[PDB]
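Coming up is one lone chain in structure tokens, specifically the form deposited in one PDB entry.
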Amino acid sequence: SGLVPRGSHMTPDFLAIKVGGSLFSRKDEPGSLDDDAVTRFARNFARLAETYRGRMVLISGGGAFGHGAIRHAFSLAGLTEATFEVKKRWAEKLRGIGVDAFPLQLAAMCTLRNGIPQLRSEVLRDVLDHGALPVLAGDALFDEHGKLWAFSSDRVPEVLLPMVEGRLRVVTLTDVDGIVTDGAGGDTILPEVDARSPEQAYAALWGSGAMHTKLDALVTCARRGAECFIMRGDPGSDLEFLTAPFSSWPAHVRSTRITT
């Protein structure tokens, strides 16, 4: 294959940034989006998108829209409509501050075959090549038998693996600083996880599901070369350091980093 230089010293070629629904919605409130949170995140995502023009996707968690859309197995089709709404809210906000943000329906581009997502549309690569920011989300995907399955926003980065050349960095922003070991309301963050043998990270989740889906996806991505992070999102936080080699990140940043 092509030898790809990789390491903590290296700059990513591509950023897949996933923003958790817990950060901008409330499950106690169907389709409450927090517009202030969306507004402030959007400003920080826009700076990333300018640097990584054509080299970034933003993936939204389904939040309140999602959880109600999966709360007659064709009834899951409603999910694609609920996640489109969230994409629309991000994209609208981004375009309002000068970003060329375009929502794409993953269900129109991707199907499942033997449980593995298959990118079936060339449009995503074209949109990136034109310098636009795809806004993606979880979705209802058809499998090879015609059955719909809820495909989490956390697994969307897996879809990029065959498409992205060079070094992919995947960042999953959530409401915790990473994978915590020793307690549900517990003890320290696991800073590093080796995707080749991540048994200790899975063991920490048992100690205290959503997080299990995240780990599964980011291990999958890391086993194909990606550098992956689970870390805390905050609408007003500067994110410029996500452009930088990991060894150059500021000292205050906490995360769980998943790599091979």
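All residue numbers refer to positions in the sequence shown, first residue = 1.
This protein has a second form, the form solved in complex with a small molecule, left out of what is shown; the following refers to that one.
Of the heavy atoms in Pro157, none are within 4.5 Å of the small molecule in the deposited complex. When the small molecule is considered in the deposited complex, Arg223 lies well away from it, no heavy atom lying within 4.5 Å.
Within this chain, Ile70 lines the site of the small molecule in the deposited complex, having a heavy atom no more than 4.5 Å away.
Although the partner is absent here, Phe84 is not a contact residue: none of its heavy atoms lies within 4.5 angstroms of the small molecule in the deposited complex.
Contact annotation for the candidate site: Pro103, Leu128 and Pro134 all lie away from the small molecule in the deposited complex (no heavy atom within 4.5 Å). Contact with the small molecule in the deposited complex, defined as any heavy atom within 4.5 Å, is confined among 95-103, 112-120, 159-167, 135-143 to 135-143.
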